Amino acid sequence: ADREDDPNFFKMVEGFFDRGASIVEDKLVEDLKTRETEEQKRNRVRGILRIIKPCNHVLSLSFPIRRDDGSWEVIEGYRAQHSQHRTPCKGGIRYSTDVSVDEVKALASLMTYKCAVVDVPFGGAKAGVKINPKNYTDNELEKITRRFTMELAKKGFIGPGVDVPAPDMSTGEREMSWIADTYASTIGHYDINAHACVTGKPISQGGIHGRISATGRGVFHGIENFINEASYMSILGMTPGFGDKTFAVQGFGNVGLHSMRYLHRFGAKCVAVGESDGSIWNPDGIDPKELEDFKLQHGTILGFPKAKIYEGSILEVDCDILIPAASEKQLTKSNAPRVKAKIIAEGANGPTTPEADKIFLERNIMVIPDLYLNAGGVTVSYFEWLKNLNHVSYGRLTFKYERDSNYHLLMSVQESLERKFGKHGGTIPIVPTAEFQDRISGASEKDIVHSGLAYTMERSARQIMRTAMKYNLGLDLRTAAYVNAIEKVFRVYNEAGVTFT
Amino acid sequence: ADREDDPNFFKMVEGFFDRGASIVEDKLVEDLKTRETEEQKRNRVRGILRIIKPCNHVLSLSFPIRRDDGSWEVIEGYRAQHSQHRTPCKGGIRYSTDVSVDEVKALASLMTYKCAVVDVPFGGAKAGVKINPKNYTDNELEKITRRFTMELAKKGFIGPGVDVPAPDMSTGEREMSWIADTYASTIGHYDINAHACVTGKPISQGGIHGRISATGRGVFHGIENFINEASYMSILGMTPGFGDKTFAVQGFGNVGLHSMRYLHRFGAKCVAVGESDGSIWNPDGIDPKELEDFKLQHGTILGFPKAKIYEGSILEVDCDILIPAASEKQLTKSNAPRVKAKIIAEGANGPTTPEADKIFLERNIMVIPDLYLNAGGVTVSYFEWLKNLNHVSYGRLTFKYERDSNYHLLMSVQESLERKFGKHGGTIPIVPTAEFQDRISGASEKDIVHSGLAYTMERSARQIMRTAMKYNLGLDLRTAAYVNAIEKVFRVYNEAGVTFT
Amino acid sequence: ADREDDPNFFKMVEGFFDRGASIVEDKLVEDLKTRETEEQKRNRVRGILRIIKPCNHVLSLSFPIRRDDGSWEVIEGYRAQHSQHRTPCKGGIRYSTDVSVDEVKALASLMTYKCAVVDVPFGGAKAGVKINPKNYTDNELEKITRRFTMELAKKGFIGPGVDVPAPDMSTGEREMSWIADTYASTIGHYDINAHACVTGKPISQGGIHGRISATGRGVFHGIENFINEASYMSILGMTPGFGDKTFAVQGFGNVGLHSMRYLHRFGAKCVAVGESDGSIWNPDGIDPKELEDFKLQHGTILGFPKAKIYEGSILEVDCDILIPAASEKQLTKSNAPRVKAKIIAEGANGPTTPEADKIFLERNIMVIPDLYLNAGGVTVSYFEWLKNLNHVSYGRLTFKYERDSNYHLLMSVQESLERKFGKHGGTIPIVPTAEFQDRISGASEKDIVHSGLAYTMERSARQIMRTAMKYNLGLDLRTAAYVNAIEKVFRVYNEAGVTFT
Ligand SMILES: NC(=O)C1=CN([C@@H]2O[C@H](COP(=O)(O)OP(=O)(O)OC[C@H]3O[C@@H](n4cnc5c(N)ncnc54)[C@H](O)[C@@H]3O)[C@@H](O)[C@H]2O)C=CC1
Ligand SMILES: NC(=O)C1=CN([C@@H]2O[C@H](COP(=O)(O)OP(=O)(O)OC[C@H]3O[C@@H](n4cnc5c(N)ncnc54)[C@H](O)[C@@H]3O)[C@@H](O)[C@H]2O)C=CC1
Ligand SMILES: NC(=O)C1=CN([C@@H]2O[C@H](COP(=O)(O)OP(=O)(O)OC[C@H]3O[C@@H](n4cnc5c(N)ncnc54)[C@H](O)[C@@H]3O)[C@@H](O)[C@H]2O)C=CC1
Ligand SMILES: NC(=O)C1=CN([C@@H]2O[C@H](COP(=O)(O)OP(=O)(O)OC[C@H]3O[C@@H](n4cnc5c(N)ncnc54)[C@H](O)[C@@H]3O)[C@@H](O)[C@H]2O)C=CC1
Ligand SMILES: NC(=O)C1=CN([C@@H]2O[C@H](COP(=O)(O)OP(=O)(O)OC[C@H]3O[C@@H](n4cnc5c(N)ncnc54)[C@H](O)[C@@H]3O)[C@@H](O)[C@H]2O)C=CC1
Ligand SMILES: NC(=O)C1=CN([C@@H]2O[C@H](COP(=O)(O)OP(=O)(O)OC[C@H]3O[C@@H](n4cnc5c(N)ncnc54)[C@H](O)[C@@H]3O)[C@@H](O)[C@H]2O)C=CC1
Ligand SMILES: Nc1nc2c(ncn2[C@@H]2O[C@H](COP(=O)(O)OP(=O)(O)OP(=O)(O)O)[C@@H](O)[C@H]2O)c(=O)[nH]1
Ligand SMILES: Nc1nc2c(ncn2[C@@H]2O[C@H](COP(=O)(O)OP(=O)(O)OP(=O)(O)O)[C@@H](O)[C@H]2O)c(=O)[nH]1
Ligand SMILES: Nc1nc2c(ncn2[C@@H]2O[C@H](COP(=O)(O)OP(=O)(O)OP(=O)(O)O)[C@@H](O)[C@H]2O)c(=O)[nH]1
Ligand SMILES: N[C@@H](CCC(=O)O)C(=O)O
Ligand SMILES: N[C@@H](CCC(=O)O)C(=O)O
Ligand SMILES: N[C@@H](CCC(=O)O)C(=O)O
């Protein structure tokens, strides 16, 4: 998208890592309380850091499918497993003609660090199939997905205990259903956990409430934790809260649409929505329900009645918050000086080059990094995986017990008070509030997903802020996130003896 | 080695394939006895040929080893499995800093076509570890080999029934022994065929007589089959036989040395020997046993007392037969016009670019192609694999029975003659000749390897010659070999229904 | 059986090994082609020899059976796997109250060296169940055998690719049939080689012709090879051949009975037969079929009509050849001076202590050692295992072809002779001798077992004699055998890198 500043994607992520490694290297050496206090301490710390960076296993595939017209075609595919310091590996499947070994390796490493940031016990992985799904029938896409699943399974690149895929660009519920069905019907036929081989499944198939919207929901929570922190909003020259703010959204897919829904719900105003074919704009606000309904009907956002076909880059629209939610390397050395927003919330994976990060720093623009902000997807995938391993819906064993227990608890307060203020205090009814009445039976699956996600995004934001203050990083939240990720992954490699050697 | 003519190695091999595919496409379509004779027959033929060309599975590895000095290093590795129309896959392991995904994919496809040429029932595969072995201790090389084996085994890229490695550049007997030992001691502990997981083993560990020298022995047999056809020697302006010819050898490794031993044994004269550091030259002849003894003593060819340090390209030395036995892409557009030899016998894999083949054709230079000429290695690896599966040394069950049987057979002739020519004819002793006495017990392992190899190289040469005449290919033996390979591999894909789709 | 001289059985075998190790160390060090020509050479030779001696894996079992009367009883069992330099492991199952961990470890190591002596590609193993089979019903023995098989199988101590048992003291065809049936019906249900999990099976279940008598047949061949070498019979002061000699047999089981049958068949005369309850004696000779038919009828040897209940040790009976074919450590310090025989042929495993070997050497008594002499059992077990892996009876594919081929061969001689001695010489019939007519179709299973065994015993006797001359060992054949065994096993450990460490 830019021939001036177009770094190799894997190496760009390695650069981000190098930078966080630079900052913590002292802390790692000093923690290390080995008798070698000689600066082979320094040496073993940077030997371990070199082990963490490259992907351990990458599988490249070519397999034939026969198209609906009868033609034979060769499909190309890839899956990278970056780290196995936690198992299984976790990461999505991308259907796109931009798929390549380097793109997949880069996203696989992002998954490792992202999972470490939100304390999700998975190593990183990613897959890609180099096709444009719009050029294939549904029957052909099913054939490609099912065959890809078996080629991965034959070589140990999918399974509930090694590698658990998930949706990404141009895949969703539908593909995940296909993956889970052919895994469970063949190699997983005797495995009690066969349907935990993949997440993002439909509900009828072991999916979890809110997985489709989960990463949008997490984008809201990530922004909210920082947009409500007066210390960061001072440096930006902006007022805490959502009620008065504007935002623009690049990409109207699963991440972009649901980020818009939740931000709109809490008083922000969507001004611009950009897509693969063009952009639309309205300074008075775009309604997400109307835009979705139009998009579902016409297969495009152009021509939306209540906004005007906007020319020029969606990334340079004037707004408070820019949400790049499409592909990677969209903000570069070129357009970074014209961005006009004061908060960049990366919903997409790797939308900002390192050169663009430098410009944004100089310019007091806050980039909330992908490592943290889009990790709501993998957090709720983690909940889905646990739901599959546990083989019950949350609360089903305890709803009645817990309901009865709570009423007897409140009755214990009632009877204790009547016992004391006897006859002429009268009857002293203790009853639930409206809000407690609605929790009287304990959490359900929906409650766990919402509160578990909010808990994770908040706990992770505080850890990033703590680390940024400690090292005087200002608005370089990306380096603070990598610092936390590196510290966690380093400790695992260090206390494990590294490897089987 | 040449920046004028440096084609991508994988695509260069696909180019060779495309050529042979051109020539046979008609014969494939006409053979095809299917009800719908539309030249959409031609469409299925060219869909199948597109399926055959790319590698099905490629695994890329990164794993850490701790060096002898205590530092951590990250080792990079690769194994490509090109085709599974026959199983297991078969191919060597190369230790070299020139190793790359493309190099490994290219050699893996060469293995498929090579195996089809000599009727060896294996699909093609190849592996590479990106190190220079003369920078590592023996203890480090053992560590790297054993760990590489486990990483391949975990993902299904080594095993007696999927993929059976073998030596290549900078690996031999020693590494194969390490591979077999860690496979059999871990995931092969219950497998009756665990030691058939790799070939080129030492004899004490399941190796077969003559595997080290097998590919040199096959180079001799391949040359002999063509150097003794007067029709091809006419076109070259040359006398049949070896007794009178000179040759030069690029590379003094396992292929180069043994090619020189066998050619020297049958009256050819080695004039020049080139190496990674320099060449040596002597128009009176170099003796292989003194050269190897010098090489073993000094670790180099230079300074050999009975030849001179030759400057300028070994490939340009003046001789009848040039044997490139080092790495690939050594003969290019550049130096092809200065070659001076009349026969180029490719012992190495892919030593000649397609441009250089152009030039050699115009100038009536016969290139005996790698597909055919170096296939003695994989042929004797095949014998080793069968020896492992059978769990007896050849002849051990039958030596005594067979010898007793032969003497009673000769005695049947004796007694029949005496009965007829009674007393007046006397005693009529029927005894073995010296050469039959030597076979009186039947074949041993040594005999099977020697005669089985000779049988294969001759039968394959006659098939290549038959095909070159039938398509008027003259001295383009490479295209004739690919034609035979394609025909055989196409038949398997066609009658199998292609794939489970 | 003797308090004076009753060494620990495992260490006694280690003593034999140490003794052969002492003689070959120099040869091993000098062979060793390595740069550290230091006595770091002798150090690694000494370290490898220490690795070879102990057993790698020993499993000890306790499992309950409910007896026919309804009581519960706890059965004790053991299986030792001594070496895995060849796989699978091979060794018998002994039912005896004298079974112990040390006894089983000792016999397991004997199996390793024995297999190396006759070039049988198995590592050594042995099993024992500590019961007296005479105190159990057939139903109880079946339950014990089947349960023992499952306990071994669960832990990887039986299987066609790890460990293949066989009969020993108080087990035979019957028990092996039980073992094979429960293995193949449970854990081996999908294994193509399930019935190769054990040898010594009945013919109807994959057994091989002559396995029951095989170790007796090998005892005859082992004696033959030495009793016909005039150089050894000189030192003994006796006449080559069998026709004039006497022998006594301790133990009338599977080894003892069949040794007697074959020796009797070639003109030796059995004077004395000893068993667990007593011995019998007759200087005119005992006939083996009469004595077996009496034993089958009465369950004992005593009271045999044609011999006299002999008192005093069977081992001291006056004869030329003493065949101990019962348990171990029967010739000791004590009774070695009173032996009276000139040749001691150990059919049993470890019947002679090292002190008794000392005495026999001083008195010019030839001990043909167990390592060599009783290895006909494991040699024919090896043939049975191969028969199972091959899934055809020998010759079944080729009988008709070979018979037709031989007649056309003889007809080629006949027609060639007529077409030269025309009608001047008449018809010249070329026909098989009686002996060749018997072989006209090629070998059958019976022929391979007989000639394969004879071939093995005589090639092994040669190697022992060669090695005894070369080191001036005289009549210390035991040390010569261990020397050959050690050289072969050392080579494997050396060129394998020892272990994955
Ligand atoms: N799928 C998930 O749960 C998660 C996805 N992500 C990342 O979010 C990003 C996008 O989210 P997806 O779920 O893939 O959405 P999606 O694949 O459902 O839709 C992507 C949208 O972006 C549009 N698009 C593509 N290129 C564009 C361009 N140059 N300009 C404007 N629009 C463009 C497409 O037309 C489509 O509307 C990806 O980078 C993905 O890796 C991150 C975390 C979780
Ligand atoms: N084995 C499999 O293929 C699947 C297993 N599961 C397991 O079930 C556990 C609980 O999830 P749920 O309680 O189902 O969520 P849930 O109770 O919210 O169920 C949602 C939907 O599943 C339906 N459902 C329940 N039992 C069914 C049955 N026997 N046949 C068809 N539909 C049925 C419900 O009626 C509802 O429509 C999960 O932990 C997961 O491990 C879930 C889905 C598929
Ligand atoms: N080893 C085998 O079983 C078979 C090997 N081949 C091919 O034969 C070729 C080499 O045989 P290897 O067994 O690997 O020999 P090797 O690896 O034992 O020795 C290779 C020799 O070539 C020399 N060499 C390397 N680069 C050179 C250069 N640029 N110029 C001159 N000399 C150079 C090296 O110093 C070494 O002496 C490779 O292309 C291999 O793929 C083909 C069929 C079978
Ligand atoms: N399980 C393993 O690791 C090995 C298995 N084998 C199997 O053996 C079969 C036949 O090969 P061989 O007959 O060995 O070829 P071979 O008869 O040429 O013997 C090669 C060498 O192995 C030695 N050898 C024989 N038995 C031995 C033992 N028990 N311990 C140590 N060394 C011994 C021989 O003395 C000879 O020097 C092959 O089909 C193969 O499947 C062979 C070698 C290693
Ligand atoms: N059966 C086989 O395949 C082979 C067995 N062996 C060994 O040969 C020896 C003989 O075993 P098998 O004949 O198979 O067993 P078996 O059970 O058929 O014969 C043993 C016989 O010796 C008798 N006996 C036991 N203790 C005695 C003593 N102190 N004095 C005299 N007789 C006694 C028993 O009552 C029984 O009659 C054993 O040491 C065994 O380890 C060796 C090679 C092969
Ligand atoms: N799967 C099993 O349990 C058994 C398998 N086999 C396999 O057969 C191979 C060759 O041995 P054989 O040819 O049996 O030697 P063989 O030809 O001497 O057969 C021995 C006896 O088995 C009988 N037999 C043959 N086929 C039979 C059938 N379908 N049903 C019942 N009885 C039959 C024959 O009449 C013969 O008398 C062995 O390598 C072995 O693994 C042999 C015996 C049992
Ligand atoms: N695309 C889309 N998804 C919706 C819409 N409304 C609800 N969902 C999603 O459907 C799932 C179930 O929705 P609800 O039953 O309303 O429960 P909910 O979790 O309170 O919904 P939300 O708070 O909006 O996430 C959630 O993942 C919602 O985000 C919608 O209008 N459009
Ligand atoms: N490197 C090397 N190998 C040799 C040499 N001589 C023989 N060999 C190989 O070592 C193995 C054992 O040699 P031999 O016992 O003579 O068997 P062979 O088949 O008659 O030997 P060749 O016909 O020369 O291959 C064979 O594979 C030989 O090719 C040599 O001088 N140098
Ligand atoms: N216990 C016992 N076994 C016998 C007897 N006779 C033969 N056998 C064995 O039973 C099997 C059948 O023997 P045959 O069919 O005659 O074939 P064979 O190979 O010529 O037998 P042998 O030369 O005695 O080994 C062979 O293994 C014999 O060794 C016997 O009298 N008693
Ligand atoms: N593919 C998403 C989520 C992966 C998952 O849910 O496992 C990402 O890029 O983070
Ligand atoms: N590596 C050799 C032979 C491989 C094998 O023997 O399997 C080749 O390039 O053909
Ligand atoms: N148990 C016999 C051999 C058993 C077998 O044939 O494997 C012995 O002591 O040698």
# chains A, B, ... in the order shown; residues from 1 in each chain; ligands from 1
call {"tool": "residues_near_ligand", "arguments": {"ligand": "ligand 12", "cutoff": "7 Å", "atoms": "only C-alpha atoms and all ligand atoms", "output": "list in words"}}
result
residues 90, 91, 92, 93, 111, 165, 166, 167, 168, 199, 200, 349, 374, 375, 377, 378, 379, 380 and 381 of chain C
call {"tool": "write_last_selection", "arguments": {"atoms": "C-alpha atoms", "output": "compact mmCIF listing (two decimals), in the first residue's frame"}}
result
# COMPACT_ATOMS: atom_id res chain seq x y z
CA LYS C 90 14.55 -62.56 22.37
CA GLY C 91 14.35 -65.06 25.20
CA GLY C 92 12.40 -67.83 26.87
CA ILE C 93 9.91 -68.05 29.72
CA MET C 111 20.79 -64.54 25.35
CA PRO C 165 9.36 -64.79 24.16
CA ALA C 166 9.76 -68.56 23.72
CA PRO C 167 9.71 -71.77 25.80
CA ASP C 168 12.19 -72.72 28.53
CA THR C 199 7.99 -68.30 19.02
CA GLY C 200 7.80 -71.98 19.77
CA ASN C 349 22.25 -72.49 30.33
CA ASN C 374 22.41 -74.61 22.76
CA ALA C 375 21.90 -71.72 20.31
CA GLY C 377 16.82 -73.11 19.81
CA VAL C 378 17.11 -69.37 19.21
CA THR C 379 18.29 -69.96 15.63
CA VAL C 380 15.12 -71.85 14.71
CA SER C 381 12.99 -69.40 16.72
call {"tool": "residues_around", "arguments": {"residues": "range 457-462 of chain B", "least_positions_apart": "6", "cutoff": "10 Å", "atoms": "only C-alpha atoms", "output": "ChimeraX atom specification"}}
result
/B:116-119,218-226,372-376,379,451,468,477,481,484
call {"tool": "residues_near_ligand", "arguments": {"ligand": "ligand 6", "cutoff": "9 Å", "atoms": "only C-alpha atoms and all ligand atoms", "output": "number ranges by chain"}}
result
C: 180-181, 184, 192-196, 202-209, 384-394, 396, 445
call {"tool": "select_by_dssp", "arguments": {"residues": "range 148-326 of chain C", "states": "alpha helix (DSSP H)", "output": "ChimeraX atom specification"}}
result
/C:148-154,173-185,211-227,230-236,254-265,288-298
call {"tool": "interface_residues", "arguments": {"of": "chain B", "to": "chain A", "cutoff": "8 Å", "atoms": "only C-alpha atoms", "output": "PyMOL selection string"}}
result
chain B and resi 43-44+47-48+50-51+54-66+71-74+143+147+154-157+499+501
call {"tool": "residues_near_ligand", "arguments": {"ligand": "ligand 9", "cutoff": "8 Å", "atoms": "only C-alpha atoms and all ligand atoms", "output": "PDB file with N, CA, C and O atoms, in the first residue's frame"}}
result
ATOM      1  N   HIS C 209       8.405 -76.054  11.541  1.00  0.00           N
ATOM      2  CA  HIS C 209       8.844 -77.441  11.611  1.00  0.00           C
ATOM      3  C   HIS C 209      10.118 -77.568  12.434  1.00  0.00           C
ATOM      4  O   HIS C 209      11.116 -76.894  12.170  1.00  0.00           O
ATOM      5  N   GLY C 210      10.072 -78.439  13.437  1.00  0.00           N
ATOM      6  CA  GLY C 210      11.257 -78.828  14.175  1.00  0.00           C
ATOM      7  C   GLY C 210      11.683 -77.905  15.291  1.00  0.00           C
ATOM      8  O   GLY C 210      12.799 -78.061  15.799  1.00  0.00           O
ATOM      9  N   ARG C 211      10.840 -76.954  15.706  1.00  0.00           N
ATOM     10  CA  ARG C 211      11.256 -76.044  16.774  1.00  0.00           C
ATOM     11  C   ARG C 211      11.441 -76.781  18.095  1.00  0.00           C
ATOM     12  O   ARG C 211      12.377 -76.483  18.845  1.00  0.00           O
ATOM     13  N   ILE C 212      10.565 -77.745  18.397  1.00  0.00           N
ATOM     14  CA  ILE C 212      10.660 -78.457  19.674  1.00  0.00           C
ATOM     15  C   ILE C 212      12.000 -79.170  19.793  1.00  0.00           C
ATOM     16  O   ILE C 212      12.644 -79.141  20.849  1.00  0.00           O
ATOM     17  N   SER C 213      12.435 -79.823  18.721  1.00  0.00           N
ATOM     18  CA  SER C 213      13.673 -80.583  18.725  1.00  0.00           C
ATOM     19  C   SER C 213      14.878 -79.768  18.270  1.00  0.00           C
ATOM     20  O   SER C 213      15.987 -80.310  18.213  1.00  0.00           O
ATOM     21  N   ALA C 214      14.688 -78.481  17.970  1.00  0.00           N
ATOM     22  CA  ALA C 214      15.734 -77.693  17.328  1.00  0.00           C
ATOM     23  C   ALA C 214      16.979 -77.578  18.197  1.00  0.00           C
ATOM     24  O   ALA C 214      18.105 -77.704  17.700  1.00  0.00           O
ATOM     25  N   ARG C 217      18.790 -80.755  18.174  1.00  0.00           N
ATOM     26  CA  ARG C 217      19.455 -80.921  16.883  1.00  0.00           C
ATOM     27  C   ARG C 217      20.721 -80.079  16.805  1.00  0.00           C
ATOM     28  O   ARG C 217      21.727 -80.503  16.222  1.00  0.00           O
ATOM     29  N   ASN C 254      13.006 -81.216  26.986  1.00  0.00           N
ATOM     30  CA  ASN C 254      13.026 -80.922  25.557  1.00  0.00           C
ATOM     31  C   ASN C 254      14.447 -80.908  25.002  1.00  0.00           C
ATOM     32  O   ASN C 254      14.680 -81.362  23.875  1.00  0.00           O
ATOM     33  N   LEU C 257      16.101 -84.959  25.823  1.00  0.00           N
ATOM     34  CA  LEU C 257      15.555 -86.054  25.027  1.00  0.00           C
ATOM     35  C   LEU C 257      16.042 -85.989  23.585  1.00  0.00           C
ATOM     36  O   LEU C 257      16.456 -87.001  23.007  1.00  0.00           O
ATOM     37  N   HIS C 258      15.983 -84.802  22.978  1.00  0.00           N
ATOM     38  CA  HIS C 258      16.281 -84.707  21.556  1.00  0.00           C
ATOM     39  C   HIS C 258      17.773 -84.742  21.275  1.00  0.00           C
ATOM     40  O   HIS C 258      18.182 -85.253  20.226  1.00  0.00           O
ATOM     41  N   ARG C 261      18.224 -88.380  21.075  1.00  0.00           N
ATOM     42  CA  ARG C 261      17.712 -88.946  19.834  1.00  0.00           C
ATOM     43  C   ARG C 261      18.727 -88.825  18.705  1.00  0.00           C
ATOM     44  O   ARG C 261      18.988 -89.791  17.979  1.00  0.00           O
ATOM     45  N   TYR C 262      19.290 -87.633  18.528  1.00  0.00           N
ATOM     46  CA  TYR C 262      20.160 -87.398  17.380  1.00  0.00           C
ATOM     47  C   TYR C 262      21.530 -88.041  17.562  1.00  0.00           C
ATOM     48  O   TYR C 262      22.107 -88.557  16.598  1.00  0.00           O
ATOM     49  N   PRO C 288      16.345 -94.225  23.077  1.00  0.00           N
ATOM     50  CA  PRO C 288      15.547 -93.027  23.376  1.00  0.00           C
ATOM     51  C   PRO C 288      14.047 -93.183  23.148  1.00  0.00           C
ATOM     52  O   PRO C 288      13.276 -92.565  23.889  1.00  0.00           O
ATOM     53  N   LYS C 289      13.584 -93.943  22.148  1.00  0.00           N
ATOM     54  CA  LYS C 289      12.135 -94.028  21.975  1.00  0.00           C
ATOM     55  C   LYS C 289      11.497 -94.918  23.040  1.00  0.00           C
ATOM     56  O   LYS C 289      10.385 -94.632  23.498  1.00  0.00           O
ATOM     57  N   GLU C 292      11.485 -92.599  26.187  1.00  0.00           N
ATOM     58  CA  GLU C 292      10.399 -91.619  26.078  1.00  0.00           C
ATOM     59  C   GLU C 292       9.035 -92.285  26.205  1.00  0.00           C
ATOM     60  O   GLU C 292       8.147 -91.755  26.874  1.00  0.00           O
ATOM     61  N   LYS C 446      10.898 -77.462   5.952  1.00  0.00           N
ATOM     62  CA  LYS C 446      11.729 -78.446   6.634  1.00  0.00           C
ATOM     63  C   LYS C 446      13.180 -78.371   6.168  1.00  0.00           C
ATOM     64  O   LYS C 446      14.110 -78.432   6.987  1.00  0.00           O
ATOM     65  N   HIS C 450      16.538 -77.403   8.531  1.00  0.00           N
ATOM     66  CA  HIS C 450      17.646 -78.340   8.717  1.00  0.00           C
ATOM     67  C   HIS C 450      18.956 -77.769   8.187  1.00  0.00           C
ATOM     68  O   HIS C 450      19.966 -77.752   8.900  1.00  0.00           O
TER      69      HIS C 450
END
call {"tool": "select_by_dssp", "arguments": {"residues": "range 196-378 of chain B", "states": "strand (DSSP E)", "output": "PyMOL selection string"}}
result
chain B and resi 246-250+269-274+279-281+308-310+321-324+343-345+366-368
call {"tool": "write_last_selection", "arguments": {"atoms": "C-alpha atoms", "output": "PDB file, in the first residue's frame"}}
result
ATOM      1  CA  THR B 246      40.174 -38.782 -20.163  1.00  0.00           C
ATOM      2  CA  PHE B 247      37.901 -37.240 -17.577  1.00  0.00           C
ATOM      3  CA  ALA B 248      37.833 -34.495 -14.979  1.00  0.00           C
ATOM      4  CA  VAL B 249      35.993 -34.473 -11.669  1.00  0.00           C
ATOM      5  CA  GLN B 250      34.547 -31.411  -9.952  1.00  0.00           C
ATOM      6  CA  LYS B 269      42.468 -41.521 -17.137  1.00  0.00           C
ATOM      7  CA  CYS B 270      41.672 -38.832 -14.552  1.00  0.00           C
ATOM      8  CA  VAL B 271      43.343 -35.622 -15.672  1.00  0.00           C
ATOM      9  CA  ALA B 272      41.937 -33.039 -13.274  1.00  0.00           C
ATOM     10  CA  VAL B 273      40.276 -32.939  -9.856  1.00  0.00           C
ATOM     11  CA  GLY B 274      38.629 -29.753  -8.612  1.00  0.00           C
ATOM     12  CA  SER B 279      42.095 -27.731  -8.602  1.00  0.00           C
ATOM     13  CA  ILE B 280      44.954 -30.045  -9.537  1.00  0.00           C
ATOM     14  CA  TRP B 281      45.947 -31.248 -12.984  1.00  0.00           C
ATOM     15  CA  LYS B 308      50.238 -29.436 -10.412  1.00  0.00           C
ATOM     16  CA  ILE B 309      48.107 -26.731  -8.858  1.00  0.00           C
ATOM     17  CA  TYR B 310      45.869 -25.800 -11.786  1.00  0.00           C
ATOM     18  CA  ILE B 321      34.212 -36.539 -19.957  1.00  0.00           C
ATOM     19  CA  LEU B 322      33.381 -33.830 -17.416  1.00  0.00           C
ATOM     20  CA  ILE B 323      31.873 -35.071 -14.148  1.00  0.00           C
ATOM     21  CA  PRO B 324      30.381 -32.228 -12.064  1.00  0.00           C
ATOM     22  CA  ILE B 343      30.261 -35.834 -22.554  1.00  0.00           C
ATOM     23  CA  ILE B 344      28.955 -34.162 -19.398  1.00  0.00           C
ATOM     24  CA  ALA B 345      27.995 -36.763 -16.792  1.00  0.00           C
ATOM     25  CA  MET B 366      26.025 -35.008 -24.654  1.00  0.00           C
ATOM     26  CA  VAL B 367      24.684 -34.276 -21.167  1.00  0.00           C
ATOM     27  CA  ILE B 368      23.851 -37.500 -19.328  1.00  0.00           C
TER      28      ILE B 368
END
call {"tool": "residues_around", "arguments": {"residues": "residue 14 in chain B", "least_positions_apart": "5", "cutoff": "10 Å", "atoms": "only C-alpha atoms", "output": "NGL selection string"}}
result
:B and (8-9 or 19-20 or 53-54 or 106 or 109-110)
